[PDB]
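Visitor: Here you go, coords.pdb (PDB, C-alpha atoms and all ligand atoms):
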ATOM      1  CA  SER B   1     109.941  73.990 129.834
ATOM      2  CA  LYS B   2     106.909  76.329 129.498
ATOM      3  CA  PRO B   3     105.841  78.297 126.386
ATOM      4  CA  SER B   4     106.738  82.027 126.366
ATOM      5  CA  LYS B   5     109.809  81.255 128.566
ATOM      6  CA  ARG B   6     108.421  83.190 131.537
ATOM      7  CA  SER B   7     109.353  82.507 135.142
ATOM      8  CA  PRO B   8     106.983  80.719 137.571
ATOM      9  CA  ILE B   9     106.302  84.082 139.207
ATOM     10  CA  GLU B  10     105.561  85.797 135.887
ATOM     11  CA  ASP B  11     103.244  82.915 134.981
ATOM     12  CA  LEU B  12     101.450  83.376 138.306
ATOM     13  CA  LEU B  13     101.189  87.135 137.728
ATOM     14  CA  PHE B  14      99.564  86.593 134.327
ATOM     15  CA  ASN B  15      97.265  83.947 135.811
ATOM     16  CA  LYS B  16      96.012  86.190 138.634
ATOM     17  CA  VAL B  17      95.312  89.229 136.404
ATOM     18  CA  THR B  18      92.730  88.617 133.666
ATOM     19  CA  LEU B  19      91.136  90.604 130.844
ATOM     20  CA  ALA B  20      87.324  90.788 130.906
ATOM     21  CA  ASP B  21      86.204  93.026 128.054
ATOM     22  CA  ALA B  22      82.498  92.897 127.173
ATOM     23  CA  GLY B  23      83.192  90.986 123.990
ATOM     24  CA  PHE B  24      84.133  87.633 122.500
ATOM     25  CA  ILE B  25      87.421  85.917 121.683
ATOM     26  CA  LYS B  26      88.848  86.947 118.305
ATOM     27  CA  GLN B  27      92.021  85.777 116.558
ATOM     28  CA  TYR B  28      92.670  89.192 114.881
ATOM     29  CA  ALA B  29      80.546  92.721 120.831
ATOM     30  CA  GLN B  30      83.814  91.478 119.371
ATOM     31  CA  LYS B  31      84.565  95.042 118.215
ATOM     32  CA  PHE B  32      81.796  96.737 120.249
ATOM     33  CA  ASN B  33      80.249  99.532 118.060
ATOM     34  CA  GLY B  34      83.002 101.507 116.354
ATOM     35  CA  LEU B  35      85.425 100.924 119.258
ATOM     36  CA  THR B  36      88.666  99.030 118.650
TER      37      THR B  36
ATOM     38  CA  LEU U   1      61.879  81.572 125.815
ATOM     39  CA  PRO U   2      58.602  81.121 123.852
ATOM     40  CA  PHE U   3      57.840  84.868 124.127
ATOM     41  CA  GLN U   4      61.282  86.439 123.525
ATOM     42  CA  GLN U   5      61.830  87.997 120.086
ATOM     43  CA  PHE U   6      65.444  89.247 120.301
ATOM     44  CA  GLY U   7      68.375  89.384 122.721
ATOM     45  CA  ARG U   8      70.950  91.855 123.991
ATOM     46  CA  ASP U   9      74.501  91.985 125.367
ATOM     47  CA  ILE U  10      75.746  93.355 128.704
ATOM     48  CA  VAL U  11      75.919  96.809 127.036
ATOM     49  CA  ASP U  12      72.283  96.817 125.785
ATOM     50  CA  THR U  13      73.118  96.229 122.106
ATOM     51  CA  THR U  14      71.222  93.771 119.910
ATOM     52  CA  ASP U  15      72.910  90.398 119.321
ATOM     53  CA  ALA U  16      70.140  87.977 118.329
ATOM     54  CA  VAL U  17      66.743  87.769 116.636
ATOM     55  CA  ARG U  18      63.854  85.322 116.315
ATOM     56  CA  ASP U  19      62.914  84.701 112.695
ATOM     57  CA  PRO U  20      59.233  85.794 112.401
ATOM     58  CA  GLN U  21      58.307  82.790 110.185
ATOM     59  CA  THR U  22      60.564  79.849 111.147
ATOM     60  CA  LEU U  23      61.274  80.778 114.810
ATOM     61  CA  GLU U  24      64.964  79.973 114.297
ATOM     62  CA  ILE U  25      67.245  81.945 116.615
ATOM     63  CA  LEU U  26      69.911  83.890 114.704
ATOM     64  CA  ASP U  27      73.006  85.572 116.139
ATOM     65  CA  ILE U  28      73.980  88.959 114.726
ATOM     66  CA  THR U  29      77.719  89.388 114.286
ATOM     67  CA  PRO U  30      78.751  92.938 113.284
ATOM     68  CA  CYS U  31      80.230  93.265 109.830
ATOM     69  CA  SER U  32      84.001  93.531 109.944
ATOM     70  CA  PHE U  33      85.550  96.944 110.480
ATOM     71  CA  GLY U  34      88.708  98.448 111.880
ATOM     72  CA  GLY U  35      91.164 101.217 111.429
ATOM     73  CA  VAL U  36      93.301 101.758 108.366
ATOM     74  CA  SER U  37      96.931 102.742 108.789
ATOM     75  CA  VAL U  38      99.093 103.931 105.904
ATOM     76  CA  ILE U  39     102.814 103.200 106.170
ATOM     77  CA  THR U  40     104.966 105.452 103.997
ATOM     78  CA  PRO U  41     108.702 106.131 103.555
ATOM     79  CA  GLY U  42     107.642 109.750 103.036
ATOM     80  CA  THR U  43     107.014 111.541  99.762
ATOM     81  CA  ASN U  44     110.586 112.916  99.709
ATOM     82  CA  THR U  45     112.026 109.381  99.237
ATOM     83  CA  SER U  46     109.460 107.141  97.512
ATOM     84  CA  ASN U  47     105.728 107.083  96.785
ATOM     85  CA  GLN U  48     105.357 103.379  97.623
ATOM     86  CA  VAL U  49     103.019 102.761 100.566
ATOM     87  CA  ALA U  50     101.659  99.823 102.553
TER      88      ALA U  50
HETATM   89  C1  LIG H 101      53.990  79.763 108.249
HETATM   90  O1  LIG H 101      54.886  79.272 109.260
HETATM   91  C2  LIG H 101      55.131  77.859 109.131
HETATM   92  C3  LIG H 101      56.035  77.473 110.279
HETATM   93  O2  LIG H 101      55.420  77.734 111.533
HETATM   94  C4  LIG H 101      55.736  77.538 107.762
HETATM   95  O3  LIG H 101      55.749  76.121 107.639
HETATM   96  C5  LIG H 101      57.037  75.566 107.343
HETATM   97  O4  LIG H 101      57.429  75.752 105.968
HETATM   98  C6  LIG H 101      58.693  75.155 105.628
HETATM   99  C7  LIG H 101      58.955  75.488 104.178
HETATM  100  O5  LIG H 101      59.117  76.887 103.985
HETATM  101  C8  LIG H 101      58.636  73.653 105.894
HETATM  102  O6  LIG H 101      59.901  73.070 105.599
HETATM  103  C9  LIG H 101      58.277  73.414 107.353
HETATM  104  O7  LIG H 101      58.182  72.017 107.611
HETATM  105  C10 LIG H 101      56.944  74.078 107.651
HETATM  106  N1  LIG H 101      56.554  73.853 109.034
HETATM  107  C11 LIG H 101      55.280  73.756 109.430
HETATM  108  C12 LIG H 101      55.062  73.526 110.895
HETATM  109  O8  LIG H 101      54.345  73.852 108.641
HETATM  110  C13 LIG H 101      54.852  78.093 106.652
HETATM  111  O9  LIG H 101      55.474  77.896 105.387
HETATM  112  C14 LIG H 101      54.623  79.575 106.881
HETATM  113  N2  LIG H 101      53.796  80.143 105.826
HETATM  114  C15 LIG H 101      52.522  79.795 105.610
HETATM  115  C16 LIG H 101      51.836  80.493 104.476
HETATM  116  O10 LIG H 101      51.947  78.957 106.299
HETATM  117  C1  LIG H 102      92.236  83.581 109.256
HETATM  118  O1  LIG H 102      91.272  82.717 108.626
HETATM  119  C2  LIG H 102      91.745  81.381 108.383
HETATM  120  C3  LIG H 102      90.629  80.652 107.671
HETATM  121  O2  LIG H 102      90.979  79.302 107.398
HETATM  122  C4  LIG H 102      92.132  80.733 109.710
HETATM  123  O3  LIG H 102      92.636  79.424 109.471
HETATM  124  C5  LIG H 102      93.190  81.588 110.391
HETATM  125  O4  LIG H 102      93.539  81.020 111.649
HETATM  126  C6  LIG H 102      92.644  82.991 110.601
HETATM  127  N1  LIG H 102      93.630  83.829 111.265
HETATM  128  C7  LIG H 102      93.304  84.847 112.068
HETATM  129  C8  LIG H 102      94.451  85.601 112.669
HETATM  130  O5  LIG H 102      92.136  85.150 112.294
END
Let's see the structure in the file written out as structure tokens.

Guide:
Amino acid sequence: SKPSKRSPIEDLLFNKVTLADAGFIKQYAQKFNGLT
Amino acid sequence: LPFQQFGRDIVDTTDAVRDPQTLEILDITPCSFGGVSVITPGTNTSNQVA
């Protein structure tokens, strides 16, 4: 019933661990300065 | 603020300026860049690449 077809535990694991790069959301600061 | 001329990110890089004549605040987005990868079958089969 959920997108990605992950288990409730996997969904929790992805919800507890987060990415916090010093940048902005990009669809593909945003690319820092020569760093990808 | 009335006295700030430009701004910076958490890594001390410039990301905004105050226009000296209109006082509009402008964000600075870096111009697009990235790596270039060349995909090849190898020159012993074909010279077509992506
Ligand atoms: C000096 O700065 C003022 C703004 O502080 C400029 O005046 C603006 O000029 C634009 C057209 O370029 C108008 O649309 C705005 O309404 C003007 N605003 C004000 C408050 O006058 C002005 O052109 C600048 N240059 C000179 C020589 O005064
Ligand atoms: C690419 O740009 C178009 C512009 O309309 C946008 O709709 C699309 O979602 C963009 N895709 C990515 C991956 O940035």

Visitor: So how far away is atom CA of residue U:4 from atom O2 of ligand LIG 101 (chain H), in Å?

Guide: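 A separation of 15.9 Å between them.
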
Visitor: List as a Markdown table every residue of chain U that is in contact with ligand LIG 101 (chain H), defined as an atom at most 8 Å from one of its atoms (using only C-alpha atoms and all ligand atoms), together with the nearest atom pair and the distance in Å rounded to one decimal, sorted by chain and then rising number.

Guide:
| residue | atom | partner | partner_atom | distance |
| --- | --- | --- | --- | --- |
| U:21 | CA | H:LIG101 | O1 | 5.0 |
| U:22 | CA | H:LIG101 | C3 | 5.2 |
| U:23 | CA | H:LIG101 | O2 | 7.4 |

Visitor: Between atom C4 of ligand LIG 102 (chain H) and atom CA of residue U:50, what is the distance, to one decimal in Å?

Guide: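 Pair atom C4 of ligand LIG 102 (chain H) / atom CA of residue U:50 returns 22.5 Å.
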
Visitor: Report as a PyMOL selection string the full result of the PyMOL selection byres (((not hetatm)) within 12 of (chain H and resi 102)) when it is applied to this structure.

Guide: (chain B and resi 25-28) or (chain U and resi 32)

Visitor: Using the chain letters and numbers from this file, what does the ChimeraX specification (/B :<10) & /U select? Give the answer as a ChimeraX atom specification.

Guide: /U:9-11,13-15,28-35

Visitor: In Å, with one decimal, what is the gap from atom CA of residue B:7 to atom CA of residue B:19?

Guide: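 About the pair atom CA of residue B:7 and atom CA of residue B:19: they are 20.4 Å apart.
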
Visitor: Draw an axis-aligned box tight on the listed atoms of stretch 11-30 of chain B, then pad every side by 4 Å and write out centre and edge lengths in Å to one decimal as JSON.

Guide:
{"center_x": 91.9, "center_y": 88.0, "center_z": 126.8, "size_x": 30.7, "size_y": 18.1, "size_z": 31.8}

Visitor: For stretch 2-27 of chain B, where the input has fewer atoms than it should, I would like N, CA, C and O atoms rebuilt and written as a PDB file, in the frame of the given file.

Guide:
ATOM      1  N   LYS B   2     108.236  75.778 129.747  1.00  0.00           N
ATOM      2  CA  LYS B   2     106.909  76.329 129.498  1.00  0.00           C
ATOM      3  C   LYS B   2     106.931  77.267 128.289  1.00  0.00           C
ATOM      4  O   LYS B   2     107.941  77.937 128.050  1.00  0.00           O
ATOM      5  N   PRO B   3     105.854  77.339 127.499  1.00  0.00           N
ATOM      6  CA  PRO B   3     105.841  78.297 126.386  1.00  0.00           C
ATOM      7  C   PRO B   3     105.876  79.727 126.903  1.00  0.00           C
ATOM      8  O   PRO B   3     105.366  80.031 127.984  1.00  0.00           O
ATOM      9  N   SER B   4     106.502  80.605 126.113  1.00  0.00           N
ATOM     10  CA  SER B   4     106.738  82.027 126.366  1.00  0.00           C
ATOM     11  C   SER B   4     107.999  82.245 127.203  1.00  0.00           C
ATOM     12  O   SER B   4     108.466  83.378 127.301  1.00  0.00           O
ATOM     13  N   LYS B   5     108.571  81.188 127.789  1.00  0.00           N
ATOM     14  CA  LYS B   5     109.809  81.255 128.566  1.00  0.00           C
ATOM     15  C   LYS B   5     109.739  82.296 129.680  1.00  0.00           C
ATOM     16  O   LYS B   5     110.667  83.081 129.885  1.00  0.00           O
ATOM     17  N   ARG B   6     108.615  82.319 130.388  1.00  0.00           N
ATOM     18  CA  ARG B   6     108.421  83.190 131.537  1.00  0.00           C
ATOM     19  C   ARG B   6     108.698  82.412 132.820  1.00  0.00           C
ATOM     20  O   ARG B   6     108.581  81.185 132.866  1.00  0.00           O
ATOM     21  N   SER B   7     109.068  83.142 133.868  1.00  0.00           N
ATOM     22  CA  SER B   7     109.353  82.507 135.142  1.00  0.00           C
ATOM     23  C   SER B   7     108.064  82.032 135.816  1.00  0.00           C
ATOM     24  O   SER B   7     106.969  82.467 135.451  1.00  0.00           O
ATOM     25  N   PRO B   8     108.169  81.101 136.781  1.00  0.00           N
ATOM     26  CA  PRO B   8     106.983  80.719 137.571  1.00  0.00           C
ATOM     27  C   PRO B   8     106.235  81.896 138.176  1.00  0.00           C
ATOM     28  O   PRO B   8     104.995  81.909 138.188  1.00  0.00           O
ATOM     29  N   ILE B   9     106.963  82.917 138.631  1.00  0.00           N
ATOM     30  CA  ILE B   9     106.302  84.082 139.207  1.00  0.00           C
ATOM     31  C   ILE B   9     105.595  84.879 138.121  1.00  0.00           C
ATOM     32  O   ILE B   9     104.469  85.337 138.324  1.00  0.00           O
ATOM     33  N   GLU B  10     106.234  85.072 136.964  1.00  0.00           N
ATOM     34  CA  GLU B  10     105.561  85.797 135.887  1.00  0.00           C
ATOM     35  C   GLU B  10     104.312  85.048 135.437  1.00  0.00           C
ATOM     36  O   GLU B  10     103.278  85.661 135.137  1.00  0.00           O
ATOM     37  N   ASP B  11     104.398  83.715 135.374  1.00  0.00           N
ATOM     38  CA  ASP B  11     103.244  82.915 134.981  1.00  0.00           C
ATOM     39  C   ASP B  11     102.115  83.093 135.987  1.00  0.00           C
ATOM     40  O   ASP B  11     100.946  83.236 135.609  1.00  0.00           O
ATOM     41  N   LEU B  12     102.458  83.131 137.280  1.00  0.00           N
ATOM     42  CA  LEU B  12     101.450  83.376 138.306  1.00  0.00           C
ATOM     43  C   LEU B  12     100.842  84.763 138.141  1.00  0.00           C
ATOM     44  O   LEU B  12      99.629  84.940 138.297  1.00  0.00           O
ATOM     45  N   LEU B  13     101.680  85.767 137.868  1.00  0.00           N
ATOM     46  CA  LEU B  13     101.189  87.135 137.728  1.00  0.00           C
ATOM     47  C   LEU B  13     100.204  87.246 136.572  1.00  0.00           C
ATOM     48  O   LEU B  13      99.194  87.954 136.670  1.00  0.00           O
ATOM     49  N   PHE B  14     100.481  86.552 135.463  1.00  0.00           N
ATOM     50  CA  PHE B  14      99.564  86.593 134.327  1.00  0.00           C
ATOM     51  C   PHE B  14      98.312  85.781 134.662  1.00  0.00           C
ATOM     52  O   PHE B  14      97.197  86.184 134.320  1.00  0.00           O
ATOM     53  N   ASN B  15      98.443  84.740 135.483  1.00  0.00           N
ATOM     54  CA  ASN B  15      97.265  83.947 135.811  1.00  0.00           C
ATOM     55  C   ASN B  15      96.337  84.650 136.794  1.00  0.00           C
ATOM     56  O   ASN B  15      95.123  84.424 136.753  1.00  0.00           O
ATOM     57  N   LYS B  16      96.869  85.500 137.673  1.00  0.00           N
ATOM     58  CA  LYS B  16      96.012  86.190 138.634  1.00  0.00           C
ATOM     59  C   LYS B  16      95.267  87.359 137.996  1.00  0.00           C
ATOM     60  O   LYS B  16      94.104  87.609 138.333  1.00  0.00           O
ATOM     61  N   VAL B  17      95.910  88.079 137.077  1.00  0.00           N
ATOM     62  CA  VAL B  17      95.312  89.229 136.404  1.00  0.00           C
ATOM     63  C   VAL B  17      94.723  88.757 135.083  1.00  0.00           C
ATOM     64  O   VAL B  17      95.423  88.134 134.274  1.00  0.00           O
ATOM     65  N   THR B  18      93.446  89.066 134.853  1.00  0.00           N
ATOM     66  CA  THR B  18      92.730  88.617 133.666  1.00  0.00           C
ATOM     67  C   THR B  18      92.054  89.791 132.972  1.00  0.00           C
ATOM     68  O   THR B  18      91.732  90.806 133.597  1.00  0.00           O
ATOM     69  N   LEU B  19      91.839  89.631 131.669  1.00  0.00           N
ATOM     70  CA  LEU B  19      91.136  90.604 130.844  1.00  0.00           C
ATOM     71  C   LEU B  19      89.683  90.154 130.751  1.00  0.00           C
ATOM     72  O   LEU B  19      89.416  88.974 130.500  1.00  0.00           O
ATOM     73  N   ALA B  20      88.751  91.091 130.943  1.00  0.00           N
ATOM     74  CA  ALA B  20      87.324  90.788 130.906  1.00  0.00           C
ATOM     75  C   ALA B  20      86.541  91.859 130.144  1.00  0.00           C
ATOM     76  O   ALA B  20      85.618  92.484 130.657  1.00  0.00           O
ATOM     77  N   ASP B  21      86.928  92.085 128.893  1.00  0.00           N
ATOM     78  CA  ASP B  21      86.204  93.026 128.054  1.00  0.00           C
ATOM     79  C   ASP B  21      84.829  92.448 127.735  1.00  0.00           C
ATOM     80  O   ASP B  21      84.645  91.230 127.672  1.00  0.00           O
ATOM     81  N   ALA B  22      83.851  93.332 127.524  1.00  0.00           N
ATOM     82  CA  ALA B  22      82.498  92.897 127.173  1.00  0.00           C
ATOM     83  C   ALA B  22      82.448  92.558 125.683  1.00  0.00           C
ATOM     84  O   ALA B  22      81.818  93.232 124.867  1.00  0.00           O
ATOM     85  N   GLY B  23      83.072  91.432 125.358  1.00  0.00           N
ATOM     86  CA  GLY B  23      83.192  90.986 123.990  1.00  0.00           C
ATOM     87  C   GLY B  23      83.472  89.501 123.943  1.00  0.00           C
ATOM     88  O   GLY B  23      83.334  88.792 124.941  1.00  0.00           O
ATOM     89  N   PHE B  24      83.872  89.040 122.760  1.00  0.00           N
ATOM     90  CA  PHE B  24      84.133  87.633 122.500  1.00  0.00           C
ATOM     91  C   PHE B  24      85.557  87.459 121.988  1.00  0.00           C
ATOM     92  O   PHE B  24      86.191  88.404 121.512  1.00  0.00           O
ATOM     93  N   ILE B  25      86.055  86.227 122.098  1.00  0.00           N
ATOM     94  CA  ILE B  25      87.421  85.917 121.683  1.00  0.00           C
ATOM     95  C   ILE B  25      87.541  86.031 120.170  1.00  0.00           C
ATOM     96  O   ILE B  25      86.719  85.489 119.421  1.00  0.00           O
ATOM     97  N   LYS B  26      88.569  86.745 119.719  1.00  0.00           N
ATOM     98  CA  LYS B  26      88.848  86.947 118.305  1.00  0.00           C
ATOM     99  C   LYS B  26      90.329  86.679 118.077  1.00  0.00           C
ATOM    100  O   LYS B  26      91.167  86.998 118.926  1.00  0.00           O
ATOM    101  N   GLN B  27      90.642  86.087 116.921  1.00  0.00           N
ATOM    102  CA  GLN B  27      92.021  85.777 116.558  1.00  0.00           C
ATOM    103  C   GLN B  27      92.791  86.988 116.034  1.00  0.00           C
ATOM    104  O   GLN B  27      94.020  87.032 116.170  1.00  0.00           O
TER     105      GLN B  27
END
